[PDB]
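Take a look at this single chain in structure tokens; it is the form solved without the ligand.
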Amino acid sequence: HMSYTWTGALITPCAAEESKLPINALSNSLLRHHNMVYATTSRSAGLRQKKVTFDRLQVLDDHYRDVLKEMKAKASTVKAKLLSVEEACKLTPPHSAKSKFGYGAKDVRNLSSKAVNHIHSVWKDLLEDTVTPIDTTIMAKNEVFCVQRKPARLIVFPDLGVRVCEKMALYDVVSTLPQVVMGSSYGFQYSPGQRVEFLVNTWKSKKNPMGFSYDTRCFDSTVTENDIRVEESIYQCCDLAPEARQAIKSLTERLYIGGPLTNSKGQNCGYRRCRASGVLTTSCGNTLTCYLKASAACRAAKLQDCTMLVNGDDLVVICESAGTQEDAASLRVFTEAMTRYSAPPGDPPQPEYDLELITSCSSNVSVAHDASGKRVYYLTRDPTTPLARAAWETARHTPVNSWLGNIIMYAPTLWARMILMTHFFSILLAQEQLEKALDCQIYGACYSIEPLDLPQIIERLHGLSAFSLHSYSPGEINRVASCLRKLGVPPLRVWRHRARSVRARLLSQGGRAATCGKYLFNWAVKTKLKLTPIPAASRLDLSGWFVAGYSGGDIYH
């Protein structure tokens, strides 16, 4: 029961790959330790192949079937709709990988007769054939990190025509089913502020709280045929149109369970028998499976009052403590149950008795103070990877602007405000590109956003307090200052000086640029301006922002 089998053919790139941090005239103003930053390339794909390839053994007990029965009872209350070709076309990212059959993402988005006719023939084939394995492309992802080198992560995806069909059959399912099945445990329904609120309220709801994050080693590879069939039985609980049922069965049999792996040059690389990382159901499938195995493992370990928080393969459990030493033994049993369910740990989970010490989705809760001096909880993270990616983005245009996604998601943080906002607004001002829409990712979905709209976006997600936070915690300040010394990033005092200039330059432009100066950089001036609700923020359509996760799902909003 191997996750993969391989032919020996290489995982090949599509274009030139850079591993060394590109340098330009702007680089040194952000980061001096250039050799610390690198990008993964297809050169390390062979090492990743070794890591992801293993035998999976699964032992399913009564706790597993009991949780699954409860999940199916909730899933049966869901009604989902089939999307039209046209509706599914419009969810396609403008730079999504082109089809092998003579059309691309822009042809799909424009509803070109050629794209639409091929999609209809792919759909008809799904309904008529529920056996033939569907082809997939295997690629090495090019991602930027700081040293201490990771081999490239792999991406496995079917053709563009298949991806549009996945949307038609399952978009409504993967967007609505997880919150119904998992309720408040479904992480992707929350904005960062709502996630903090859920974590704080959960922690407070326990008499003697204990919390831990559970890291599964190579989660996609641990996903078995059983897991993928169990996910399909959950989707099948929904009230569906007859064509959607048939398409879901077909996609499960032909694509989700497994299939051949083809490199960018058209050679057969091998065969997958685990989760494909680049399908519509990757996020929903991972969330459901992680929640199922973990809820079952909690009952096996006799963990009292376990509240889960699940986002794909990312898991946080908050429960009642049985005493520090009993909690450590309880965690070893939870781990043994997860292992029998084919979800062994990367790092062994550690019990935590301080909410701020739990790391989940690379993040943690911290505390600052608003303008009135009131304690305010917010989400932060170690800024090393955001800063390594900002350095890359300073010298190269990339398909996804991580700095923009990081400013959006981490707007209240000391590091996003003082460094990311300051640096990138300075760059945009110099290029007169404040109005230019840029692509970013929020919970795996793609968005096109104008930097000029950041004050309204931030107000809507985090509230006006995101522009007034001060008196950050010593632990947070120390982590940021340490990260800056390690990367050779100028100290926070330099950023304050630069921000005063960026603020003045923005205010000088007037209009929307002045609003950016006023709201984003009020922290930089000694005599602070009174920050009132931005009229434009109320008009924002932010409906599908925090509904579901779509990592690898090829979604554009």
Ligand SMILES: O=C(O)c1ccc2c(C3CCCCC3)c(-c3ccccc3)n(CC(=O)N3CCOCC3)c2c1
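All residue numbers are counted from 1 along the displayed sequence. Rigid core here is just the name for the largest C-alpha set that superposes within 1.5 Å across the two forms.
One more form of this protein, deposited with the ligand bound, exists but is not displayed; see below.
Open or blocked, the ligand overlaid from its pose in the entry with it bound onto this form, 2.4 Å backbone/C-beta test:
After superposition, the ligand runs into the main chain and C-betas, so blocked.
Even though the partner isn't displayed, in the entry with it bound is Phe424 close enough to the ligand, meaning a heavy atom within 4.5 Å?
Taking the distances in the entry with it bound, the answer for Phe424 is yes, it comes within 4.5 Å of the ligand.
Would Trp495 sit within 4.5 Å of the ligand in the entry with it bound, counting heavy atoms only?
Although the ligand is absent here, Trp495 would touch it in the entry with it bound, with heavy atoms inside 4.5 Å.
Is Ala388 part of the interface with the ligand in the entry with it bound - any heavy atom within 4.5 Å?
Yes, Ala388 is a contact residue.
Taking 4.5 angstroms as the cut-off for heavy atoms, does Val489 touch the ligand in the entry with it bound?
Contact with the ligand, yes.
Counting only non-hydrogen atoms, choose the one of 105-113, 330-338, 85-93, 412-420 that falls within 4.5 Å of the ligand in the entry with it bound.
Contact criterion met by 412-420 only.
Would you kindly say which of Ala513, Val67, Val502, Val37 lies with a heavy atom within 4.5 Å of the ligand in the entry with it bound?
Only one listed residue qualifies here, and that residue is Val37.
Which residue, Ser250, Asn263, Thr394, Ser99, is the contact with the ligand in the entry with it bound, using a 4.5 Å heavy atom cutoff?
Contact with the ligand in the entry with it bound is made by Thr394 alone.
Pick out the one residue among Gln267, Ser213, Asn117, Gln433 whose C-alpha shifts by 2 Å or more between the shown form and the other one, once the rigid core is superposed.
Among the listed residues, the one whose C-alpha moves by 2 Å or more is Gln433.
After superposing the rigid core, is the C-alpha displacement of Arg512 2 Å or more between the shown form and the other one?
Shift at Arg512: 2 Å or more after core fit.
Core-superposed comparison between the shown form and the other one, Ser448 Cα displacement 2 Å or beyond
Yes, because once the rigid core is superposed, the C-alpha of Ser448 moves 2 Å or more between the shown form and the other one.
So with the core overlaid, does the Cα of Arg56 end up 2 Å or more away between the shown form and the other one?
Stays below the 2 Å threshold, so no.
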